[PDB]
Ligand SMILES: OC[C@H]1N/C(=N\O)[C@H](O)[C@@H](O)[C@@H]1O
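Before any questions on binding or motion, here is one chain by itself as structure tokens, the form solved without this ligand.
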């Protein structure tokens, strides 16, 4: 469950948040395959509540109605078409599995659902599964409200309703079997693994019992006996009884401390600075690297949801964001996920975004196509961070340097730092309020290298900065604090 099952030499996944299946299929073929992306995290592919007040929020997809593969992203045929086309070009699909809960207990009964299935939250009736009152934790939860009230009580966090979401009785073999039926449908279609949503709200042993029911990956594309990649969403920022290490026997875990601390460092909050990153990894209190799924931001915390955190860097902070993503993609810790977002009309009042609910770009609720502009950016209000040169080229950097050790660290005691990945790549950052001009040991063979942040290697030439490495491995770097991107990255495949 710990291996991503990407093709050898592909080292990241991208979250194509709220994208339609047909657009992901095309993106696999036209971009993700040629640019070396390992795979795609898709939005939940199972039927959810259609919520009209407010109008079609992104978060309606975290309120299941059934396990029919029928959503605003597309139907089952479209989902299968996407998985097949992506696998055929060597780009994997990872499903966001919403298995802790069904919808909010106060949602009105009826057919306001993405496939028109009937459901009745008040009577605990989800006949398209089917689930009934016997399948929820009403009797097991001991809180006065029936909801989670106190995160210092690890039992209620698992047995009670997360903000009123009906909480499935995951101890029951029937419920475990209906979830495994859904997940095995997806595995047999060709999915390579799963994000397990709300894993903090599930007992480790119930997750294990569900995983024990899962198939190996589809043998038309994957070697015999391949286990689905599992990454469990556990928000563990250190101050609660539940520790994400309790989940290590099941799979990897999301390391939310990663982006929280990288954001505080890059924003220079509380006296933090990039020179402190020399011992980034477990030395910062993080999970073991081989159990970490890392990211700068995710779909929740880029808009203040989940545990939020004011330090989180997002595409709205483009310059610092590219730096943070670049540091993450160069550093060997963890398995990396890149975010890919849509723009919404963010509107802060008293420090909080009142439009944080707005769903994906749409016409009368129908999600808009992803359009591709001549310059390779996206239209229709899709941000497409994964197509920004500075991010795509660092996805490639990570592939090129895969397996090489962290070495040749330099810092100025403030915010000018650099490091190498064996003899295959080198990266230099200036987050101080003055210029960084210095000759550094790069660990690389002598030659001329294109900086893949300011430009590209194209037809035996560089379109941006060129770096000249001498016989001793040293090279001069110059980065103004006013540079568009105050970091430079070079690697074996950017050498002329």
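Positions refer to the first chain, counted from 1. Throughout, rigid core stands for the largest set of C-alpha atoms superposing within 1.5 Å between the two forms.
- Relative to the shown model and aligned on the rigid core, the C-alphas in 7 other deposited structures of this protein deviate most, among 372-380 and 313-321, for 313-321.
- Between 417-425 and 343-351, the larger mean CA deviation from the shown form in 7 other deposited structures of this protein, after core superposition, belongs to 343-351.
- Of the two stretches examined, 329-337 and 417-425, the record assigns the greater average C-alpha temperature factor to 417-425.
- Of the two stretches examined, 181-189 and 233-241, the record assigns the greater average C-alpha temperature factor to 233-241.
- Across 266, 109, 170, 395, the entry's maximum B-factor at the CA atom is seen for 109.
- In this entry, the residue among 390, 364, 216, 87 with the greatest C-alpha B factor is 364.
- Ranked by C-alpha B-factor against the other modelled residues of its chain, residue 60 falls in the lowest third.
- Ranked within its chain, residue 288 lands in the lowest third, by CA B factor from the PDB record.
- When all modelled residues of the chain are sorted by CA temperature factor, residue 20 is found within the middle third.
- Looking at the C-alpha B-factors along this chain, the one for residue 377 belongs to the highest third.
- Placement of the Cα temperature factor of residue 42 within the chain: lowest third of the modelled residues, per the deposited record.
The following text describes the form deposited with this ligand bound, which does not appear among the structures shown.
- Note on the partner interface in the deposited complex: the residue among 115, 89, 162, 141 having a heavy atom within 4.5 angstroms of this ligand is 162.
- Scanning 381, 240, 411, 402 against this ligand in the deposited complex with a 4.5 Å heavy atom cut-off leaves one residue, 240.
- Proximity of residue 235 to this ligand in the deposited complex: non-hydrogen atoms within 4.5 Å are present.
- Using a 4.5 Å cutoff between non-hydrogen atoms, residue 200 counts as a contact of this ligand in the deposited complex.
- Looking at residue 151, you'd find a heavy atom of it within 4.5 angstroms of this ligand in the deposited complex.
- Of the stretches 183-191, 200-208, 403-411, 419-427, only 200-208 has residues with a heavy atom within 4.5 Å of this ligand in the deposited complex.
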